[PDB]
Amino acid sequence: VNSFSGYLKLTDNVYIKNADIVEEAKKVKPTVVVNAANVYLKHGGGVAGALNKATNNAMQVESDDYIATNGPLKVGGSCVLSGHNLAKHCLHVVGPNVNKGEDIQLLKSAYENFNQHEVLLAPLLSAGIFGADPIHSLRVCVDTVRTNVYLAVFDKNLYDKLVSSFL
Ligand SMILES: OC[C@H]1CCCCN1c1ncnc2[nH]ccc12
């Protein structure tokens, strides 16, 4: 039993909700919140920009030190950093950005990072400003993640479509 509330159960381990991931994290304080990161961990907009804003830019400061030490992530890769005031940890995961011409096949590799954590709060990878079809992203999530994932979809209209179209 966990403290996630109001989710629709899609499969044995994948749940979904129309919610602002920032407000969800602040309420639940999960062990792991997933960020929709880029390889440079520059958290300018979308999910990443909103989460970073909620940390008062502490996420960005920590991220800049991580990049200065380690260099950029790989598309499809991840790193674990602090969750600051939002969660114990933040798993920064890089899904492909279609608006950069990045291979959509790397979306499965991106979701594989979730399997290293027993329970996560997360957005749909490569959705929103990353330019991929959120319906496709949900399919890859369900077919790749085996651990318990609580998915937050900010747009109410998109949420209804993901549910109604969910096979
Ligand atoms: O709303 C649409 C979804 C899917 C794609 C990208 C942004 N989305 C988000 N989901 C959950 N929390 C969020 N906070 C800020 C953005 C956001």
# chains A, B, ... in the order shown; residues from 1 in each chain; ligands from 1
$ residues_around --residues "residue 102 in chain A" --least-positions-apart "4" --cutoff "12 Å" --atoms "only C-alpha atoms" --output "list in words"
residues 38, 39, 74, 75, 76, 94, 95, 96, 97, 98, 106, 107, 126, 130, 131 and 132 of chain A
$ residues_around --residues "range 87-93 of chain A" --least-positions-apart "3" --cutoff "9 Å" --atoms "only C-alpha atoms" --output "number ranges by chain"
A: 25-26, 28-39, 41, 48, 73, 75-84, 110-111, 113-114, 120, 125
$ write_last_selection --atoms "C-alpha atoms" --output "PDB file, in the first residue's frame"
ATOM      1  CA  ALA A  25       5.141  15.362  -5.858  1.00  0.00           C
ATOM      2  CA  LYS A  26       4.627  18.080  -3.241  1.00  0.00           C
ATOM      3  CA  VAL A  28       3.004  12.564  -1.935  1.00  0.00           C
ATOM      4  CA  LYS A  29       6.749  13.202  -1.489  1.00  0.00           C
ATOM      5  CA  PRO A  30       7.511   9.967  -3.371  1.00  0.00           C
ATOM      6  CA  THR A  31      10.771   8.099  -3.130  1.00  0.00           C
ATOM      7  CA  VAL A  32      11.362   8.830  -6.835  1.00  0.00           C
ATOM      8  CA  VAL A  33       9.989  11.539  -9.121  1.00  0.00           C
ATOM      9  CA  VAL A  34      10.981  11.246 -12.779  1.00  0.00           C
ATOM     10  CA  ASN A  35      12.059  14.349 -14.691  1.00  0.00           C
ATOM     11  CA  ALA A  36      11.637  14.772 -18.457  1.00  0.00           C
ATOM     12  CA  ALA A  37      15.303  15.727 -18.775  1.00  0.00           C
ATOM     13  CA  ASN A  38      17.610  16.585 -21.660  1.00  0.00           C
ATOM     14  CA  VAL A  39      21.211  15.418 -21.972  1.00  0.00           C
ATOM     15  CA  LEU A  41      20.116  18.752 -17.679  1.00  0.00           C
ATOM     16  CA  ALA A  48      11.706  19.900 -16.328  1.00  0.00           C
ATOM     17  CA  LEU A  73      23.730  12.099 -20.482  1.00  0.00           C
ATOM     18  CA  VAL A  75      19.555   9.995 -25.148  1.00  0.00           C
ATOM     19  CA  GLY A  76      17.757   7.053 -23.548  1.00  0.00           C
ATOM     20  CA  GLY A  77      19.869   7.390 -20.394  1.00  0.00           C
ATOM     21  CA  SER A  78      19.345   8.687 -16.884  1.00  0.00           C
ATOM     22  CA  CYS A  79      20.938   9.779 -13.649  1.00  0.00           C
ATOM     23  CA  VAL A  80      19.735   9.843 -10.040  1.00  0.00           C
ATOM     24  CA  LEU A  81      19.999  13.200  -8.269  1.00  0.00           C
ATOM     25  CA  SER A  82      18.296  14.773  -5.272  1.00  0.00           C
ATOM     26  CA  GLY A  83      14.542  15.198  -5.200  1.00  0.00           C
ATOM     27  CA  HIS A  84      14.997  18.413  -3.185  1.00  0.00           C
ATOM     28  CA  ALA A 110      14.454   5.581 -21.740  1.00  0.00           C
ATOM     29  CA  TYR A 111      11.602   3.753 -19.999  1.00  0.00           C
ATOM     30  CA  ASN A 113      15.540   3.169 -16.545  1.00  0.00           C
ATOM     31  CA  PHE A 114      12.308   3.042 -14.521  1.00  0.00           C
ATOM     32  CA  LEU A 120       7.968   6.020  -9.284  1.00  0.00           C
ATOM     33  CA  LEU A 125       8.431  10.348 -21.773  1.00  0.00           C
TER      34      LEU A 125
END
$ closest_atom_pairs --of "chain A" --to "ligand 1" --cutoff "8 Å" --atoms "only C-alpha atoms and all ligand atoms" --output "tab-separated table"
residue	atom	partner	partner_atom_place_in_ligand_line	distance
A:18	CA	ligand 1	11 (C)	7.7
A:19	CA	ligand 1	11 (C)	6.0
A:20	CA	ligand 1	12 (N)	4.0
A:21	CA	ligand 1	12 (N)	3.7
A:22	CA	ligand 1	14 (N)	5.8
A:46	CA	ligand 1	16 (C)	5.1
A:47	CA	ligand 1	15 (C)	4.1
A:48	CA	ligand 1	15 (C)	7.5
A:49	CA	ligand 1	15 (C)	7.7
A:50	CA	ligand 1	15 (C)	5.5
A:51	CA	ligand 1	14 (N)	7.3
A:122	CA	ligand 1	11 (C)	7.9
A:123	CA	ligand 1	10 (N)	5.4
A:124	CA	ligand 1	4 (C)	5.8
A:125	CA	ligand 1	5 (C)	7.5
A:126	CA	ligand 1	5 (C)	7.3
A:127	CA	ligand 1	5 (C)	4.2
A:128	CA	ligand 1	5 (C)	3.4
A:129	CA	ligand 1	6 (C)	6.3
A:130	CA	ligand 1	6 (C)	7.7
A:134	CA	ligand 1	4 (C)	6.9
A:152	CA	ligand 1	11 (C)	4.8
A:153	CA	ligand 1	10 (N)	4.0
A:154	CA	ligand 1	1 (O)	2.7
A:155	CA	ligand 1	1 (O)	3.8
A:156	CA	ligand 1	1 (O)	7.3
A:158	CA	ligand 1	2 (C)	7.0
$ atom_distance --atom1 "CA of residue 139 in chain A" --atom2 "CA of residue 162 in chain A"
9.6 Å
$ select_by_dssp --residues "range 13-140 of chain A" --states "alpha helix (DSSP H)" --output "ChimeraX atom specification"
/A:21-28,46-54,58-70,106-112,134-140
$ write_last_selection --atoms "C-alpha atoms" --output "PDB file, in the first residue's frame"
ATOM      1  CA  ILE A  21       3.238  16.419 -11.511  1.00  0.00           C
ATOM      2  CA  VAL A  22       4.628  19.300  -9.433  1.00  0.00           C
ATOM      3  CA  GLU A  23       1.602  19.399  -7.129  1.00  0.00           C
ATOM      4  CA  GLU A  24       1.499  15.588  -6.972  1.00  0.00           C
ATOM      5  CA  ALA A  25       5.141  15.362  -5.858  1.00  0.00           C
ATOM      6  CA  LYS A  26       4.627  18.080  -3.241  1.00  0.00           C
ATOM      7  CA  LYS A  27       1.690  16.136  -1.775  1.00  0.00           C
ATOM      8  CA  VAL A  28       3.004  12.564  -1.935  1.00  0.00           C
ATOM      9  CA  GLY A  46       8.013  21.594 -19.991  1.00  0.00           C
ATOM     10  CA  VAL A  47       8.050  19.150 -17.090  1.00  0.00           C
ATOM     11  CA  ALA A  48      11.706  19.900 -16.328  1.00  0.00           C
ATOM     12  CA  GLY A  49      11.248  23.665 -16.199  1.00  0.00           C
ATOM     13  CA  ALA A  50       8.251  23.337 -13.880  1.00  0.00           C
ATOM     14  CA  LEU A  51       9.910  20.888 -11.466  1.00  0.00           C
ATOM     15  CA  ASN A  52      13.056  23.011 -11.299  1.00  0.00           C
ATOM     16  CA  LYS A  53      10.977  26.130 -10.580  1.00  0.00           C
ATOM     17  CA  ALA A  54       9.323  24.306  -7.672  1.00  0.00           C
ATOM     18  CA  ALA A  58      18.194  24.118  -6.633  1.00  0.00           C
ATOM     19  CA  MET A  59      17.636  21.311  -9.155  1.00  0.00           C
ATOM     20  CA  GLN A  60      19.409  23.359 -11.843  1.00  0.00           C
ATOM     21  CA  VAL A  61      22.340  24.224  -9.548  1.00  0.00           C
ATOM     22  CA  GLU A  62      22.826  20.555  -8.652  1.00  0.00           C
ATOM     23  CA  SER A  63      22.440  19.557 -12.308  1.00  0.00           C
ATOM     24  CA  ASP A  64      25.079  22.031 -13.504  1.00  0.00           C
ATOM     25  CA  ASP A  65      27.581  20.514 -11.071  1.00  0.00           C
ATOM     26  CA  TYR A  66      26.650  17.021 -12.270  1.00  0.00           C
ATOM     27  CA  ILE A  67      27.289  17.961 -15.921  1.00  0.00           C
ATOM     28  CA  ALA A  68      30.534  19.770 -15.103  1.00  0.00           C
ATOM     29  CA  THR A  69      31.801  16.553 -13.497  1.00  0.00           C
ATOM     30  CA  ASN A  70      30.301  13.858 -15.736  1.00  0.00           C
ATOM     31  CA  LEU A 106      15.178   5.218 -27.980  1.00  0.00           C
ATOM     32  CA  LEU A 107      11.940   5.733 -26.030  1.00  0.00           C
ATOM     33  CA  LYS A 108      11.972   2.090 -24.917  1.00  0.00           C
ATOM     34  CA  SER A 109      15.541   2.461 -23.639  1.00  0.00           C
ATOM     35  CA  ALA A 110      14.454   5.581 -21.740  1.00  0.00           C
ATOM     36  CA  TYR A 111      11.602   3.753 -19.999  1.00  0.00           C
ATOM     37  CA  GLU A 112      13.914   0.839 -19.086  1.00  0.00           C
ATOM     38  CA  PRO A 134       1.649  10.738 -25.938  1.00  0.00           C
ATOM     39  CA  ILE A 135      -0.525   7.736 -26.851  1.00  0.00           C
ATOM     40  CA  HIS A 136       2.524   5.921 -28.241  1.00  0.00           C
ATOM     41  CA  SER A 137       4.562   6.873 -25.175  1.00  0.00           C
ATOM     42  CA  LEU A 138       1.933   5.316 -22.906  1.00  0.00           C
ATOM     43  CA  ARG A 139       2.037   2.089 -24.941  1.00  0.00           C
ATOM     44  CA  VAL A 140       5.833   1.878 -24.651  1.00  0.00           C
TER      45      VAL A 140
END
$ closest_residue --among "A:143, A:148, A:101, A:45" --to "residue 121 in chain A" --atoms "only C-alpha atoms"
A:148
$ atom_distance --atom1 "CA of residue 151 in chain A" --atom2 "CA of residue 3 in chain A"
14.0 Å
$ closest_residue --among "A:5, A:56, A:11, A:144" --to "residue 163 in chain A" --atoms "only C-alpha atoms"
A:11
$ select_by_dssp --residues "chain A" --states "strand (DSSP E)" --output "PDB file with N, CA and C atoms, in the first residue's frame"
ATOM      1  N   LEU A   8      -6.277   5.834 -12.080  1.00  0.00           N
ATOM      2  CA  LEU A   8      -6.905   4.753 -12.823  1.00  0.00           C
ATOM      3  C   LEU A   8      -5.852   3.680 -13.078  1.00  0.00           C
ATOM      4  N   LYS A   9      -6.202   2.423 -12.813  1.00  0.00           N
ATOM      5  CA  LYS A   9      -5.292   1.300 -13.007  1.00  0.00           C
ATOM      6  C   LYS A   9      -5.384   0.851 -14.459  1.00  0.00           C
ATOM      7  N   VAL A  14       0.910  -0.259 -13.889  1.00  0.00           N
ATOM      8  CA  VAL A  14       0.854   1.083 -14.463  1.00  0.00           C
ATOM      9  C   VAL A  14      -0.490   1.720 -14.128  1.00  0.00           C
ATOM     10  N   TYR A  15      -0.423   2.924 -13.567  1.00  0.00           N
ATOM     11  CA  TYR A  15      -1.563   3.741 -13.176  1.00  0.00           C
ATOM     12  C   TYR A  15      -1.438   5.108 -13.840  1.00  0.00           C
ATOM     13  N   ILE A  16      -2.561   5.818 -13.982  1.00  0.00           N
ATOM     14  CA  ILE A  16      -2.559   7.103 -14.683  1.00  0.00           C
ATOM     15  C   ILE A  16      -3.581   8.049 -14.060  1.00  0.00           C
ATOM     16  N   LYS A  17      -3.266   9.348 -14.091  1.00  0.00           N
ATOM     17  CA  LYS A  17      -4.093  10.375 -13.468  1.00  0.00           C
ATOM     18  C   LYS A  17      -3.907  11.698 -14.204  1.00  0.00           C
ATOM     19  N   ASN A  18      -4.985  12.480 -14.294  1.00  0.00           N
ATOM     20  CA  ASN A  18      -4.885  13.860 -14.762  1.00  0.00           C
ATOM     21  C   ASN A  18      -4.439  14.708 -13.579  1.00  0.00           C
ATOM     22  N   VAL A  32      10.789   8.454  -5.547  1.00  0.00           N
ATOM     23  CA  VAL A  32      11.362   8.830  -6.835  1.00  0.00           C
ATOM     24  C   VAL A  32      10.328   9.609  -7.641  1.00  0.00           C
ATOM     25  N   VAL A  33      10.689  10.826  -8.059  1.00  0.00           N
ATOM     26  CA  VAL A  33       9.989  11.539  -9.121  1.00  0.00           C
ATOM     27  C   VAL A  33      10.871  11.522 -10.361  1.00  0.00           C
ATOM     28  N   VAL A  34      10.264  11.246 -11.511  1.00  0.00           N
ATOM     29  CA  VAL A  34      10.981  11.246 -12.779  1.00  0.00           C
ATOM     30  C   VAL A  34      10.880  12.624 -13.419  1.00  0.00           C
ATOM     31  N   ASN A  35      12.013  13.126 -13.906  1.00  0.00           N
ATOM     32  CA  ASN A  35      12.059  14.349 -14.691  1.00  0.00           C
ATOM     33  C   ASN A  35      12.193  14.026 -16.174  1.00  0.00           C
ATOM     34  N   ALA A  36      11.499  14.813 -17.001  1.00  0.00           N
ATOM     35  CA  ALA A  36      11.637  14.772 -18.457  1.00  0.00           C
ATOM     36  C   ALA A  36      12.852  15.621 -18.835  1.00  0.00           C
ATOM     37  N   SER A  78      19.880   8.086 -18.094  1.00  0.00           N
ATOM     38  CA  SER A  78      19.345   8.687 -16.884  1.00  0.00           C
ATOM     39  C   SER A  78      20.452   8.899 -15.866  1.00  0.00           C
ATOM     40  N   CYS A  79      20.136   9.709 -14.859  1.00  0.00           N
ATOM     41  CA  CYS A  79      20.938   9.779 -13.649  1.00  0.00           C
ATOM     42  C   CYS A  79      20.013  10.039 -12.470  1.00  0.00           C
ATOM     43  N   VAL A  80      20.450   9.610 -11.289  1.00  0.00           N
ATOM     44  CA  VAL A  80      19.735   9.843 -10.040  1.00  0.00           C
ATOM     45  C   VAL A  80      20.375  11.023  -9.321  1.00  0.00           C
ATOM     46  N   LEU A  81      19.575  12.044  -9.041  1.00  0.00           N
ATOM     47  CA  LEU A  81      19.999  13.200  -8.269  1.00  0.00           C
ATOM     48  C   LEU A  81      19.004  13.414  -7.133  1.00  0.00           C
ATOM     49  N   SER A  82      19.203  14.485  -6.370  1.00  0.00           N
ATOM     50  CA  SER A  82      18.296  14.773  -5.272  1.00  0.00           C
ATOM     51  C   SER A  82      16.891  15.101  -5.775  1.00  0.00           C
ATOM     52  N   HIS A  89      14.423  11.324  -4.236  1.00  0.00           N
ATOM     53  CA  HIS A  89      15.309  11.320  -5.385  1.00  0.00           C
ATOM     54  C   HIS A  89      14.556  11.810  -6.608  1.00  0.00           C
ATOM     55  N   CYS A  90      15.300  12.395  -7.543  1.00  0.00           N
ATOM     56  CA  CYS A  90      14.803  12.660  -8.885  1.00  0.00           C
ATOM     57  C   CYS A  90      15.592  11.809  -9.871  1.00  0.00           C
ATOM     58  N   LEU A  91      14.877  10.975 -10.626  1.00  0.00           N
ATOM     59  CA  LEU A  91      15.451  10.224 -11.739  1.00  0.00           C
ATOM     60  C   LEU A  91      15.276  11.064 -12.998  1.00  0.00           C
ATOM     61  N   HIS A  92      16.372  11.663 -13.464  1.00  0.00           N
ATOM     62  CA  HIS A  92      16.361  12.449 -14.691  1.00  0.00           C
ATOM     63  C   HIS A  92      16.506  11.486 -15.858  1.00  0.00           C
ATOM     64  N   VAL A  93      15.483  11.384 -16.702  1.00  0.00           N
ATOM     65  CA  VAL A  93      15.458  10.434 -17.813  1.00  0.00           C
ATOM     66  C   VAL A  93      15.337  11.205 -19.115  1.00  0.00           C
ATOM     67  N   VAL A 119       9.055   1.882  -7.204  1.00  0.00           N
ATOM     68  CA  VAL A 119       7.878   2.738  -7.333  1.00  0.00           C
ATOM     69  C   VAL A 119       8.337   4.118  -7.794  1.00  0.00           C
ATOM     70  N   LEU A 120       7.622   4.700  -8.765  1.00  0.00           N
ATOM     71  CA  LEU A 120       7.968   6.020  -9.284  1.00  0.00           C
ATOM     72  C   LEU A 120       6.724   6.826  -9.608  1.00  0.00           C
ATOM     73  N   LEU A 121       6.832   8.146  -9.457  1.00  0.00           N
ATOM     74  CA  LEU A 121       5.914   9.102 -10.071  1.00  0.00           C
ATOM     75  C   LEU A 121       6.581   9.654 -11.324  1.00  0.00           C
ATOM     76  N   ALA A 122       5.823   9.812 -12.412  1.00  0.00           N
ATOM     77  CA  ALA A 122       6.483  10.088 -13.682  1.00  0.00           C
ATOM     78  C   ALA A 122       5.519  10.773 -14.646  1.00  0.00           C
ATOM     79  N   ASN A 148       6.345  -0.353 -10.382  1.00  0.00           N
ATOM     80  CA  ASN A 148       5.065   0.324 -10.172  1.00  0.00           C
ATOM     81  C   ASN A 148       5.204   1.796 -10.535  1.00  0.00           C
ATOM     82  N   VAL A 149       4.508   2.219 -11.582  1.00  0.00           N
ATOM     83  CA  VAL A 149       4.628   3.578 -12.089  1.00  0.00           C
ATOM     84  C   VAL A 149       3.280   4.283 -12.013  1.00  0.00           C
ATOM     85  N   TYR A 150       3.317   5.485 -11.433  1.00  0.00           N
ATOM     86  CA  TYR A 150       2.181   6.377 -11.274  1.00  0.00           C
ATOM     87  C   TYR A 150       2.412   7.549 -12.216  1.00  0.00           C
ATOM     88  N   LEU A 151       1.641   7.573 -13.306  1.00  0.00           N
ATOM     89  CA  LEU A 151       1.798   8.520 -14.407  1.00  0.00           C
ATOM     90  C   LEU A 151       0.869   9.714 -14.229  1.00  0.00           C
ATOM     91  N   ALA A 152       1.431  10.916 -14.320  1.00  0.00           N
ATOM     92  CA  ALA A 152       0.675  12.160 -14.224  1.00  0.00           C
ATOM     93  C   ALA A 152       0.636  12.830 -15.592  1.00  0.00           C
ATOM     94  N   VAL A 153      -0.574  13.110 -16.072  1.00  0.00           N
ATOM     95  CA  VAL A 153      -0.803  13.770 -17.352  1.00  0.00           C
ATOM     96  C   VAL A 153      -1.432  15.131 -17.067  1.00  0.00           C
TER      97      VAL A 153
END
$ residues_around --residues "residue 147 in chain A" --least-positions-apart "3" --cutoff "7 Å" --atoms "only C-alpha atoms" --output "list in words"
residues 13, 115, 117, 118 and 119 of chain A
$ write_last_selection --atoms "N, CA, C and O atoms" --output "PDB file, in the first residue's frame"
ATOM      1  N   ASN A  13       0.727  -2.910 -13.038  1.00  0.00           N
ATOM      2  CA  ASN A  13       1.663  -2.025 -12.347  1.00  0.00           C
ATOM      3  C   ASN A  13       1.647  -0.583 -12.824  1.00  0.00           C
ATOM      4  O   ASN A  13       2.348   0.240 -12.224  1.00  0.00           O
ATOM      5  N   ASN A 115      12.856   0.639 -14.445  1.00  0.00           N
ATOM      6  CA  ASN A 115      12.871  -0.683 -13.823  1.00  0.00           C
ATOM      7  C   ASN A 115      13.884  -0.798 -12.699  1.00  0.00           C
ATOM      8  O   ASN A 115      13.847  -1.789 -11.961  1.00  0.00           O
ATOM      9  N   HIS A 117      13.839   1.070 -10.141  1.00  0.00           N
ATOM     10  CA  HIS A 117      13.175   1.671  -8.991  1.00  0.00           C
ATOM     11  C   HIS A 117      11.824   1.006  -8.783  1.00  0.00           C
ATOM     12  O   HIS A 117      11.045   0.872  -9.731  1.00  0.00           O
ATOM     13  N   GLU A 118      11.546   0.608  -7.540  1.00  0.00           N
ATOM     14  CA  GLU A 118      10.353  -0.194  -7.271  1.00  0.00           C
ATOM     15  C   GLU A 118       9.057   0.580  -7.499  1.00  0.00           C
ATOM     16  O   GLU A 118       8.049  -0.011  -7.919  1.00  0.00           O
ATOM     17  N   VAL A 119       9.055   1.882  -7.204  1.00  0.00           N
ATOM     18  CA  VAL A 119       7.878   2.738  -7.333  1.00  0.00           C
ATOM     19  C   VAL A 119       8.337   4.118  -7.794  1.00  0.00           C
ATOM     20  O   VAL A 119       9.310   4.662  -7.266  1.00  0.00           O
TER      21      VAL A 119
END
